[PDB]
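Worksheet: the structure to be examined is printed underneath.
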Amino acid sequence: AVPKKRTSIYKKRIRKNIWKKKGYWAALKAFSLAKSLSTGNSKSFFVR
Amino acid sequence: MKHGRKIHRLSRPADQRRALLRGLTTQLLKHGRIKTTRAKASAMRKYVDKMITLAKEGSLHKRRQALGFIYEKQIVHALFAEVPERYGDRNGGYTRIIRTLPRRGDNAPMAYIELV
Amino acid sequence: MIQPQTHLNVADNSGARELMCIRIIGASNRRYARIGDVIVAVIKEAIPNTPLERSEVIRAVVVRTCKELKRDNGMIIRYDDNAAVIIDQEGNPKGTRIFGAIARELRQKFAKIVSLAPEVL
Amino acid sequence: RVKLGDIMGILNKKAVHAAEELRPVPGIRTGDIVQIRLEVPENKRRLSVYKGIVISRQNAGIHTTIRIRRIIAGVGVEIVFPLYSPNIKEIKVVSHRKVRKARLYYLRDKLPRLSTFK
Amino acid sequence: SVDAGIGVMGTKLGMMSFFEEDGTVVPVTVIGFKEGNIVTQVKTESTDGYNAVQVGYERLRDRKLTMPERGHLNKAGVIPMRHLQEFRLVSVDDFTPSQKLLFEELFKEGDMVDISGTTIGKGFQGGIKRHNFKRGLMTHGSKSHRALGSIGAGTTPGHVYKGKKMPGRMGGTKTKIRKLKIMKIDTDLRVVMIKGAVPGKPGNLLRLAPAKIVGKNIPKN
RNA sequence: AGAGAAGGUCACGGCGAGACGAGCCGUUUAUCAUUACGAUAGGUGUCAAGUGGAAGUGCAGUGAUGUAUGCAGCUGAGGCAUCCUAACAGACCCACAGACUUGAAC
RNA sequence: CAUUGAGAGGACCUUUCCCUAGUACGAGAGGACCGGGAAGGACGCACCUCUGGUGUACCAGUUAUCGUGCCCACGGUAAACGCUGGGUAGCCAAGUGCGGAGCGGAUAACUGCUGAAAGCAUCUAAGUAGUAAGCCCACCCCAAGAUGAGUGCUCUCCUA
RNA sequence: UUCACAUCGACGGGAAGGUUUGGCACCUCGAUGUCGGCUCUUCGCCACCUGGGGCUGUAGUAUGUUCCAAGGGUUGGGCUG
RNA sequence: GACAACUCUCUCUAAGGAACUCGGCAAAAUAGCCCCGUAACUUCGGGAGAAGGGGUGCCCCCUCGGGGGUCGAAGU
Ligand SMILES: [Mg+2]
Ligand SMILES: [Mg+2]
Ligand SMILES: [Mg+2]
Ligand SMILES: [Mg+2]
Ligand SMILES: [Mg+2]
Ligand SMILES: [Mg+2]
Ligand SMILES: [Mg+2]
Ligand SMILES: [Mg+2]
Ligand SMILES: [Mg+2]
Ligand SMILES: [Mg+2]
Ligand SMILES: [Mg+2]
Ligand SMILES: [Mg+2]
Ligand SMILES: [Mg+2]
Ligand SMILES: [Mg+2]
Ligand SMILES: [Mg+2]
Ligand SMILES: [Mg+2]
Ligand SMILES: [Mg+2]
Ligand SMILES: [Mg+2]
Ligand SMILES: [Mg+2]
Ligand SMILES: [Mg+2]
Ligand SMILES: [Mg+2]
Ligand SMILES: [Mg+2]
Ligand SMILES: [Mg+2]
Ligand SMILES: [Mg+2]
Ligand SMILES: [Mg+2]
Ligand SMILES: [Mg+2]
Ligand SMILES: [Mg+2]
Ligand SMILES: [Mg+2]
Ligand SMILES: [Mg+2]
Ligand SMILES: [Mg+2]
Ligand SMILES: [Mg+2]
Ligand SMILES: [Mg+2]
Ligand SMILES: [Mg+2]
Ligand SMILES: [Mg+2]
Ligand SMILES: [Mg+2]
Ligand SMILES: [Mg+2]
Ligand SMILES: [Mg+2]
Ligand SMILES: [Mg+2]
Ligand SMILES: [Mg+2]
Ligand SMILES: [Mg+2]
Ligand SMILES: [Mg+2]
Ligand SMILES: [Mg+2]
Ligand SMILES: [Mg+2]
Ligand SMILES: [Mg+2]
Ligand SMILES: [Mg+2]
Ligand SMILES: [Mg+2]
Ligand SMILES: [Mg+2]
Ligand SMILES: [Mg+2]
Ligand SMILES: [Mg+2]
Ligand SMILES: [Mg+2]
Ligand SMILES: [Mg+2]
Ligand SMILES: [Mg+2]
Ligand SMILES: [Mg+2]
Ligand SMILES: [Mg+2]
Ligand SMILES: [Mg+2]
Ligand SMILES: [Mg+2]
Ligand SMILES: [Mg+2]
Ligand SMILES: [Mg+2]
Ligand SMILES: [Mg+2]
Ligand SMILES: [Mg+2]
Ligand SMILES: [Mg+2]
Ligand SMILES: [Mg+2]
Ligand SMILES: [Mg+2]
Ligand SMILES: [Mg+2]
Ligand SMILES: [Mg+2]
Ligand SMILES: [Mg+2]
Ligand SMILES: [Mg+2]
Ligand SMILES: [Mg+2]
Ligand SMILES: [Mg+2]
Ligand SMILES: [Mg+2]
Ligand SMILES: [Mg+2]
Ligand SMILES: [Mg+2]
Ligand SMILES: [Mg+2]
Ligand SMILES: [Mg+2]
Ligand SMILES: [Mg+2]
Ligand SMILES: [Mg+2]
Ligand SMILES: [Mg+2]
Ligand SMILES: [Mg+2]
Ligand SMILES: [Mg+2]
Ligand SMILES: [Mg+2]
Ligand SMILES: [Mg+2]
Ligand SMILES: [Mg+2]
Ligand SMILES: [Mg+2]
Ligand SMILES: [Mg+2]
Ligand SMILES: [Mg+2]
Ligand SMILES: [Mg+2]
Ligand SMILES: [Mg+2]
Ligand SMILES: [Mg+2]
Ligand SMILES: [Mg+2]
Ligand SMILES: [Mg+2]
Ligand SMILES: [Mg+2]
Ligand SMILES: [Mg+2]
Ligand SMILES: [Mg+2]
Ligand SMILES: [Mg+2]
Ligand SMILES: [Mg+2]
């Protein structure tokens with residue numbers, strides 16, 4: 001099965017934005033994690 | 001599906017997964033702490049403890065059971081030596097699991113399994 | 001679990017050694033002969049010089065299965081072979097003397113057959 | 001006061017003690033030759049006598065079960081008995097056979113000879 | 001769906017076998033109970049538009065509850081409770097908030113019940129398992145096997161129909177089981193044994209009502 | 001603008017929920033003294049259950065092998081106990097008394 | 001949090017046998033309508049107590065062979081079980097339960113009652129009565145994105 | 001048997017359908033392709049069975065024919081492209 | 001990592017046993033060795049490993065194959 005047409009500039013821009021939104025949740029996990037390791041109180045976590 | 005299938009597959013077939021787990025335990029009992037992947041660690045808990053509980057009784061029977069799990073004799077004998085001393089009062093729970101920054105190459109979540 | 005093409009041992013005198021079930025009757029469209037159902041069989045192997053010729057279409061009731069019958073005692077029965085007894089459309093067995101065990105599950109529709117039994121289960 | 005998993009196990013213990021009170025049940029393993037007497041809901045006069053070897057024993061609760069094989073008129077018959085059943089009257093061990101398995105399912109494939117009793 | 005009679009909620013504990021004097025073995029589900037089955041709220045036709053009674057079931061620590069809900073159960077003057085549910089009656093005069101239900105009062109022996117529960121989730125399931133599609137040939141040349149088949153007609157209509165049966169997620173839903181029977185009630189363990197199977201695995205949550213019979217327990221229309 | 005409402009998401013331990021999201025349950029593990037509600041997973045202890053009689057040492061035997069110690073040994077995805085390990089540390093979103101008009105009430 | 005239900009769907013299926021009664025009917029042979037009761041089929045919804053299937057979680061035998069110094073005893077390999085014999089939990093059916101209720105509403109054909117236009121007649125023009133596995137509600141899941149976005153209970157809106 | 005119209009209905013006529021065998025060549029030629037099975041639907045009614053009826057040359061059982069009715073059903077094999 | 005549908009490479013499957021299908025296609029079954037036995041037909045060479053049957057592990061004892069024991073559900 002192929003693409004009978006070519007995908008319109010704007011619609012593609014939306015699909016790719018969706019795929020870029022995942023970076024946003026990973027940025028929240030990353031931020032929360034740094035704020036954890038930045039109090040040095042976690043015994044479950046370790047860094048070297 | 002799996003409902004109440006509890007085993008850790010580690011994304012390997014039966015043979016390999018066995019051999020892997022045996023290996024990882026002779027490693028943990030040799031070095032006392034190691035760095036692995038979160039799944040491997042969690043899976044390895046059970047077998048670590050099987051070995052320790054094994055050594056706590058000390059019978060020739062048990063010693064032959066452990067010998068036939070761990071790969072290296074020397075580590076087994078040392079186990080049966082140390083364990084009554086070190087773990088005698090501890091009822092269960094012989095391992096600590098401390099997670100770390102994920103790996104660079106694949107971003108697989110890592111971990112530190114400690115003999116506690 | 002007798003179904004079409006199944007082969008069956010004959011449990012009586014009537015002069016057939018083996019039946020091949022082709023149908024199940026009174027069960028509407030069910031495909032399973034279980035104990036005490038009337039099946040239409042044909043005769044494959046026969047006992048020579050007897051009223052019954054091979055390649056005959058006949059009726060039989062199923063007295064033995066390798067599947068398991070459940071009574072209400074929680075009691076269960078499993079034979080080692082499949083067997084049926086050759087009958088009339090009246091419920092009377094064509095042959096006059098029966099082999100093997102049977103069950104009290106057949107007592108309702110067939111009197112004759114439970115009568116002639118060497119054993120009842 | 002009873003926690004719930006407890007309830008599940010407990011109801012089986014209750015039913016089996018209440019059943020072993022009326023009618024004490026023998027120690028019965030695999031490979032035992034056994035005689036059983038059933039009270040049938042019809043035919044009050046005589047109680048049906050089943051003999052035979054025990055091919056298997058499945059342990060569950062009150063519904064714990066016994067499988068009896070015997071050759072009858074040259075046709076092999078296996079029969080399954082709920083042990084704590086009210087419709088059973090007497091059960092006893094006639095003799096013991098020496099067997100190495102937990103279930104003898106291999107008796108089907110063997111000769112009639114081994115299934116022959118009485 | 002106006003319901004005949006107040007129901008109660010219970011918890012499936014699993015199944016066992018249960019004898020009768022004559023040696024009839026009946027498989028029964030054992031339905032346990034927990035502290036609860038307390039009428040929470042009552043709804044008048046005037047106020048709410050209809051007649052119903054909300055019974056809470058499973059008790060609980062107060063922390064785990066949310067402030068809106070805790071404040072719902074202090075208006076009632078009842079203990080903290082996990083699951084609330086409603087029963088729809090045609091007459092509610094007999095019920096006050098804080099009043100308690102006993103299942104020994106509502107259910108006798110040999111009575112008919114209706115067990116509503118949530119089903120075992122089997123996940124995302126194929127066409128076979130979900131709708132009982134006959135599978136296609138396993139061997140001579142055939143490349144299909146467990147596949148869905150053709151899904152519609154040709155050029156006309158030229159689109160698949162609505163609700164045409166397809167692989168999707170199966171199980172995990174509210175399911176009624178009509179007209180069961182109650183074999184025995186144990187006051188000692190406060191348990192109810194029921195002939196037959198009820199949905200979902202032990203530790204489930206069940207809702208039992210006196211069975212609706214479309215002629216005789218219900219509004220005619 | 002400071003702060004973090006009720007609540008949510010995340011994180012963390014999980015599942016009879018699950019392709020992923022979602023769902024549901026947990027997150028210091030109570031106290032009790034008369035009920036229940038404060039053990040999520042793993043481990044450990046015990047029990048159901050399975051398999052079917054461990055290893056070692058005895059005896060019998062020329063020996064293969066049998067027999068005793070012993071419903072043994074192993075297993076225990078299931079129950080019940082017990083905080084021994086991990087539920088640490090935490091992060092993010094989020095708080096114009098609810099535009100405007102008209103009647104009714106006071 | 002709990003729900004109302006516009007709308008949408010699933011399912012409302014069918015066979016033998018037994019009472020009625022060997023009664024009506026007929027010279028006999030044959031043999032009922034109507035209404036009750038059981039067992040079946042197919043289909044649907046669940047389920048694992050039993051009977052099982054699998055169960056590369058486990059347990060046992062056993063061949064070849066290489067390891068653990070050697071006997072003993074275990075380990076590996078014989079693809080993704082070396083080959084066999086068992087199996088719990090799970091999932092599953094051939095196993096187990098349950099379902100198809102309505103002296104509810106309105107009709108199609110048809111049978112009807114009062115009864116004119118045509119002082120007679122006529123089920124129809126007024127008005128009304130029975131009556132179908134059909135139609136619609138009731139049953140079972142979904143469902144306020146039902147933008148017509150519903151109702152109900154409770155909670156919260158700090159500081160300067 | 002009597003009786004055209006229970007059931008048939010000769011000689012002829014008036015129609016509907018668009019499922020057979022055809023006429024046409026409006027259609028597509030580049031890679032818009034015929035008959036059977038499998039799986040999976042779905043709809044029509046000219047109703048095979050199941051629900052209700054009228055007539056019978058319907059005593060009864062069973063038919064015949066026709067009316068309303070498409071909710072549900074419509075087996076398994078030996079044989080054929 | 002997780003352990004959905006589905007496709008592929010594989011193991012197993014209660015009762016039945018070709019009912020499948022264009023067609024037993026694919027699977028399953030058989031199998032080594034020693035011993036007994038071996039048809040129509042024939043160009044007398046064959047057919048023929050026809051078919052069909054039995055035995056087989058591990059120990060001791062005898063003769064240089066025979067007897068006795070012993071495990072296993074099953075011994076190439
Ligand atoms: Mg291997
Ligand atoms: Mg490999
Ligand atoms: Mg364990
Ligand atoms: Mg012939
Ligand atoms: Mg005699
Ligand atoms: Mg069992
Ligand atoms: Mg022996
Ligand atoms: Mg699930
Ligand atoms: Mg098929
Ligand atoms: Mg294929
Ligand atoms: Mg279009
Ligand atoms: Mg807050
Ligand atoms: Mg999580
Ligand atoms: Mg979430
Ligand atoms: Mg915390
Ligand atoms: Mg635990
Ligand atoms: Mg647990
Ligand atoms: Mg020993
Ligand atoms: Mg061993
Ligand atoms: Mg000796
Ligand atoms: Mg045991
Ligand atoms: Mg405690
Ligand atoms: Mg801790
Ligand atoms: Mg205002
Ligand atoms: Mg204003
Ligand atoms: Mg809630
Ligand atoms: Mg609702
Ligand atoms: Mg509606
Ligand atoms: Mg809509
Ligand atoms: Mg509807
Ligand atoms: Mg209806
Ligand atoms: Mg008469
Ligand atoms: Mg009737
Ligand atoms: Mg029925
Ligand atoms: Mg089961
Ligand atoms: Mg079970
Ligand atoms: Mg098996
Ligand atoms: Mg099982
Ligand atoms: Mg060596
Ligand atoms: Mg060696
Ligand atoms: Mg090995
Ligand atoms: Mg190697
Ligand atoms: Mg190789
Ligand atoms: Mg292989
Ligand atoms: Mg196996
Ligand atoms: Mg059923
Ligand atoms: Mg009506
Ligand atoms: Mg009318
Ligand atoms: Mg009329
Ligand atoms: Mg008049
Ligand atoms: Mg009139
Ligand atoms: Mg009118
Ligand atoms: Mg109707
Ligand atoms: Mg009906
Ligand atoms: Mg809303
Ligand atoms: Mg608006
Ligand atoms: Mg409005
Ligand atoms: Mg005319
Ligand atoms: Mg042209
Ligand atoms: Mg094209
Ligand atoms: Mg018509
Ligand atoms: Mg009709
Ligand atoms: Mg008619
Ligand atoms: Mg007549
Ligand atoms: Mg129809
Ligand atoms: Mg239709
Ligand atoms: Mg049709
Ligand atoms: Mg046909
Ligand atoms: Mg995979
Ligand atoms: Mg099979
Ligand atoms: Mg078989
Ligand atoms: Mg077989
Ligand atoms: Mg055969
Ligand atoms: Mg043929
Ligand atoms: Mg064929
Ligand atoms: Mg065919
Ligand atoms: Mg081939
Ligand atoms: Mg092969
Ligand atoms: Mg095989
Ligand atoms: Mg051989
Ligand atoms: Mg072989
Ligand atoms: Mg010769
Ligand atoms: Mg010759
Ligand atoms: Mg020759
Ligand atoms: Mg030839
Ligand atoms: Mg030769
Ligand atoms: Mg040969
Ligand atoms: Mg030849
Ligand atoms: Mg041979
Ligand atoms: Mg042989
Ligand atoms: Mg031998
Ligand atoms: Mg000897
Ligand atoms: Mg010998
Ligand atoms: Mg032997
Ligand atoms: Mg032998």
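Chain labels A, B, ... are given in the sequence in which chains occur in the structure tokens; within each chain residues are numbered consecutively from 1, and ligands are likewise numbered from 1 in the order shown.
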*Please, which residues have at least one atom within 9 Å of an atom of ligand 84, using only C-alpha atoms (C1' of nucleotides) and all ligand atoms, listed as a ChimeraX atom specification?*
/I:45-48
*Exercise answer, 9 Å around ligand 73 with only C-alpha atoms (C1' of nucleotides) and all ligand atoms, as a list in words*: residues 6 and 7 of chain C; 16 and 17 of chain I
*Sel. of alpha helix (DSSP H) residues, segment 11-221 of chain E, as a PyMOL selection string*: chain E and resi 45-48+67-76+103-106+127-131
How would the residues just picked look written out with C-alpha atoms as a compact mmCIF listing (two decimals), in the first residue's frame?
# COMPACT_ATOMS: atom_id res chain seq x y z
CA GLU E 45 -38.19 11.60 43.04
CA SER E 46 -38.78 15.19 44.11
CA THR E 47 -35.11 15.97 44.70
CA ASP E 48 -33.25 13.82 42.22
CA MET E 67 -11.65 15.23 50.78
CA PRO E 68 -14.76 15.44 48.59
CA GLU E 69 -15.60 11.84 49.34
CA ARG E 70 -14.76 12.02 53.01
CA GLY E 71 -17.04 15.05 53.19
CA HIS E 72 -19.65 12.92 51.45
CA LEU E 73 -19.54 10.33 54.17
CA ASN E 74 -19.53 12.75 57.10
CA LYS E 75 -22.84 14.18 55.85
CA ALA E 76 -24.05 10.59 56.23
CA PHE E 103 -27.56 -10.05 53.95
CA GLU E 104 -29.13 -12.60 56.30
CA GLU E 105 -32.36 -10.59 56.34
CA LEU E 106 -32.58 -9.91 52.60
CA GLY E 127 -11.11 -12.40 15.78
CA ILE E 128 -11.21 -16.05 16.72
CA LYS E 129 -11.24 -15.68 20.50
CA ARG E 130 -13.40 -12.58 20.56
CA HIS E 131 -16.19 -13.57 18.11
Residues at most 9 Å from residue 10 of chain C, counting only C-alpha atoms (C1' of nucleotides), excluding those fewer than 6 positions away in the same chain, as a PDB file with N, CA, C and O atoms, in the first residue's frame?
ATOM      1  N   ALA C  16     -22.620 -58.814  14.137  1.00  0.00           N
ATOM      2  CA  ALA C  16     -21.682 -57.846  13.602  1.00  0.00           C
ATOM      3  C   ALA C  16     -20.458 -57.783  14.511  1.00  0.00           C
ATOM      4  O   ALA C  16     -20.597 -57.792  15.734  1.00  0.00           O
ATOM      5  N   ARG C  17     -19.264 -57.808  13.920  1.00  0.00           N
ATOM      6  CA  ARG C  17     -18.028 -57.580  14.671  1.00  0.00           C
ATOM      7  C   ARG C  17     -17.675 -56.099  14.838  1.00  0.00           C
ATOM      8  O   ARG C  17     -17.074 -55.711  15.842  1.00  0.00           O
ATOM      9  N   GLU C  18     -18.006 -55.289  13.834  1.00  0.00           N
ATOM     10  CA  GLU C  18     -17.679 -53.867  13.874  1.00  0.00           C
ATOM     11  C   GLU C  18     -18.616 -52.955  13.110  1.00  0.00           C
ATOM     12  O   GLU C  18     -19.045 -53.259  12.005  1.00  0.00           O
ATOM     13  N   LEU C  19     -18.876 -51.800  13.704  1.00  0.00           N
ATOM     14  CA  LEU C  19     -19.754 -50.808  13.115  1.00  0.00           C
ATOM     15  C   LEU C  19     -19.009 -49.551  12.755  1.00  0.00           C
ATOM     16  O   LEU C  19     -18.041 -49.196  13.402  1.00  0.00           O
ATOM     17  N   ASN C  82     -14.926 -48.141  22.387  1.00  0.00           N
ATOM     18  CA  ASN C  82     -16.244 -47.722  22.010  1.00  0.00           C
ATOM     19  C   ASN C  82     -17.069 -48.918  21.594  1.00  0.00           C
ATOM     20  O   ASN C  82     -16.589 -49.816  20.901  1.00  0.00           O
ATOM     21  N   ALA C  83     -18.309 -48.939  22.055  1.00  0.00           N
ATOM     22  CA  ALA C  83     -19.197 -50.034  21.743  1.00  0.00           C
ATOM     23  C   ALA C  83     -20.657 -49.602  21.673  1.00  0.00           C
ATOM     24  O   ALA C  83     -21.120 -48.728  22.414  1.00  0.00           O
ATOM     25  N   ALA C  84     -21.383 -50.228  20.765  1.00  0.00           N
ATOM     26  CA  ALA C  84     -22.803 -49.994  20.669  1.00  0.00           C
ATOM     27  C   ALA C  84     -23.536 -51.307  20.422  1.00  0.00           C
ATOM     28  O   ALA C  84     -22.936 -52.306  20.016  1.00  0.00           O
ATOM     29  N   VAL C  85     -24.837 -51.302  20.689  1.00  0.00           N
ATOM     30  CA  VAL C  85     -25.650 -52.503  20.575  1.00  0.00           C
ATOM     31  C   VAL C  85     -26.737 -52.311  19.540  1.00  0.00           C
ATOM     32  O   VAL C  85     -27.440 -51.294  19.550  1.00  0.00           O
ATOM     33  N   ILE C  86     -26.868 -53.288  18.651  1.00  0.00           N
ATOM     34  CA  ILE C  86     -27.728 -53.163  17.484  1.00  0.00           C
ATOM     35  C   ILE C  86     -29.182 -53.392  17.795  1.00  0.00           C
ATOM     36  O   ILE C  86     -29.547 -54.436  18.319  1.00  0.00           O
ATOM     37  N   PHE C  99     -22.649 -58.465  25.939  1.00  0.00           N
ATOM     38  CA  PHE C  99     -21.405 -58.549  26.698  1.00  0.00           C
ATOM     39  C   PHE C  99     -21.113 -57.261  27.462  1.00  0.00           C
ATOM     40  O   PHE C  99     -21.833 -56.273  27.338  1.00  0.00           O
TER      41      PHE C  99
END
*Got a sec to check which residues lie within 9 Å of ligand 8, using only C-alpha atoms (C1' of nucleotides) and all ligand atoms, and send them as JSON, numbers by chain?*
{"B": [1, 2, 3], "E": [120, 121, 122, 123, 171, 172], "F": [16, 17, 18]}
*Counting only C-alpha atoms (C1' of nucleotides), which residues of chain A come no farther than 7 Å from chain F, as JSON, numbers by chain?*
{"A": [32, 35, 36, 41, 42, 43, 44]}
Atoms kept (N, CA and C atoms) for selection, written as a short mmCIF file (atom, residue, chain, number, x, y, z; two decimals), in the first residue's frame:
data_model
loop_
_atom_site.label_atom_id
_atom_site.label_comp_id
_atom_site.auth_asym_id
_atom_site.auth_seq_id
_atom_site.Cartn_x
_atom_site.Cartn_y
_atom_site.Cartn_z
N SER A 32 12.84 16.60 37.45
CA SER A 32 12.52 16.02 38.76
C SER A 32 13.67 15.20 39.32
N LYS A 35 16.54 17.48 40.55
CA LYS A 35 16.15 18.03 41.86
C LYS A 35 16.19 16.98 42.98
N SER A 36 16.05 15.71 42.62
CA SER A 36 16.25 14.64 43.62
C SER A 36 17.71 14.49 43.99
N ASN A 41 20.03 13.30 49.55
CA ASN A 41 19.33 12.51 50.57
C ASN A 41 18.83 11.13 50.16
N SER A 42 18.88 10.81 48.87
CA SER A 42 18.30 9.55 48.37
C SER A 42 19.24 8.38 48.56
N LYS A 43 18.77 7.36 49.27
CA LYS A 43 19.57 6.16 49.45
C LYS A 43 19.24 5.09 48.42
N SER A 44 18.19 5.33 47.65
CA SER A 44 17.79 4.42 46.57
C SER A 44 18.60 4.67 45.30
#
*Report as a count of residues only: the residues of chain E with a DSSP assignment of strand (DSSP E or B), based on the backbone of this structure.*
73
*Taking only C-alpha atoms (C1' of nucleotides) and all ligand atoms into account, which residues are within 10 Å of ligand 68, as a ChimeraX atom specification?*
/H:75-77
Given the selection you just returned, output its residues as a file containing N, CA and C atoms (P, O5', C5', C4', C3', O3' and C1' of nucleotides), formatted as a PDB file, in the first residue's frame.
ATOM      1  P     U H  75     -27.463 -25.787   5.665  1.00  0.00           P
ATOM      2  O5'   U H  75     -26.810 -27.002   6.464  1.00  0.00           O
ATOM      3  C5'   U H  75     -26.449 -26.844   7.827  1.00  0.00           C
ATOM      4  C4'   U H  75     -26.269 -28.164   8.539  1.00  0.00           C
ATOM      5  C3'   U H  75     -25.169 -29.075   8.026  1.00  0.00           C
ATOM      6  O3'   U H  75     -23.872 -28.659   8.416  1.00  0.00           O
ATOM      7  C1'   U H  75     -27.114 -30.344   8.432  1.00  0.00           C
ATOM      8  P     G H  76     -22.690 -28.584   7.326  1.00  0.00           P
ATOM      9  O5'   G H  76     -22.097 -30.057   7.339  1.00  0.00           O
ATOM     10  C5'   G H  76     -21.831 -30.683   8.580  1.00  0.00           C
ATOM     11  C4'   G H  76     -21.799 -32.175   8.445  1.00  0.00           C
ATOM     12  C3'   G H  76     -21.028 -32.709   7.260  1.00  0.00           C
ATOM     13  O3'   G H  76     -19.623 -32.661   7.440  1.00  0.00           O
ATOM     14  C1'   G H  76     -23.069 -33.867   7.455  1.00  0.00           C
ATOM     15  P     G H  77     -18.648 -32.615   6.155  1.00  0.00           P
ATOM     16  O5'   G H  77     -18.470 -34.143   5.752  1.00  0.00           O
ATOM     17  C5'   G H  77     -18.439 -34.531   4.390  1.00  0.00           C
ATOM     18  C4'   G H  77     -18.995 -35.915   4.223  1.00  0.00           C
ATOM     19  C3'   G H  77     -18.850 -36.526   2.836  1.00  0.00           C
ATOM     20  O3'   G H  77     -17.581 -37.144   2.650  1.00  0.00           O
ATOM     21  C1'   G H  77     -21.078 -36.752   3.576  1.00  0.00           C
TER      22        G H  77
END
*Using only C-alpha atoms, select each residue of chain C with any atom at most 8 Å away from an atom of chain E, and give the selection as a count of residues only.*
3
*Mind listing as a PyMOL selection string which residues of chain D are within 9 Å of chain E, counting only C-alpha atoms?*
chain D and resi 1-2+4-5+7-8+11-12+15+41+61-63+85-88
*asked:* Env of residue 89 of chain G: 12 Å cut, atoms = only C-alpha atoms (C1' of nucleotides), seq-sep filter 4 positions within chain, self excluded. Answer as number ranges by chain.
replied: B: 2-6; F: 16, 49-50, 76-79; G: 48, 55, 57-58
*Can you tell me which residues come within 12 Å of ligand 47 when counting only C-alpha atoms (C1' of nucleotides) and all ligand atoms, ideally as a PyMOL selection string?*
chain G and resi 102-107+129-132+136
Kindly export the residues of the current selection with C-alpha atoms (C1' of nucleotides), as a PDB file, in the first residue's frame.
ATOM      1  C1'   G G 102     -44.041 -10.036  29.754  1.00  0.00           C
ATOM      2  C1'   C G 103     -53.345 -11.071  31.069  1.00  0.00           C
ATOM      3  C1'   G G 104     -46.988  -4.878  28.826  1.00  0.00           C
ATOM      4  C1'   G G 105     -48.329  -1.053  24.299  1.00  0.00           C
ATOM      5  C1'   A G 106     -49.745  -0.341  19.041  1.00  0.00           C
ATOM      6  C1'   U G 107     -50.680  -2.752  14.564  1.00  0.00           C
ATOM      7  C1'   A G 129     -63.375  -5.489  20.769  1.00  0.00           C
ATOM      8  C1'   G G 130     -60.006  -9.734  20.146  1.00  0.00           C
ATOM      9  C1'   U G 131     -55.272 -11.116  17.665  1.00  0.00           C
ATOM     10  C1'   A G 132     -49.030 -12.669  15.068  1.00  0.00           C
ATOM     11  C1'   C G 136     -42.303  -0.506  20.097  1.00  0.00           C
TER      12        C G 136
END
Report the closest atom pair, with its distance in Å rounded to one decimal, for each residue of chain E that has an atom no farther than 6 Å from chain I; count only C-alpha atoms (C1' of nucleotides), sort by chain and then rising residue number, and write it as CSV.
residue,atom,partner,partner_atom,distance
E:124,CA,I:4,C1',5.2
E:125,CA,I:5,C1',5.6
E:126,CA,I:5,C1',5.1
E:140,CA,I:25,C1',5.6
_If we count only C-alpha atoms (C1' of nucleotides) and set the cut-off at 10 Å, which residues sit around residue 51 of chain D, ignoring sequence neighbours fewer than 6 positions away in its own chain? Please answer as a VMD selection string._
chain D and resid 33 to 37 68 to 71 91 to 94 116 to 118
_Distance-based interface of chain B with chain F, 8 Å, counting only C-alpha atoms (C1' of nucleotides), as a list in words_ =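 Within 8 Å of chain F on chain B, we get residues 3, 4, 5, 6, 7, 45, 46, 49, 60, 61, 90, 91, 92, 93, 94, 95, 96 and 97 of chain B.
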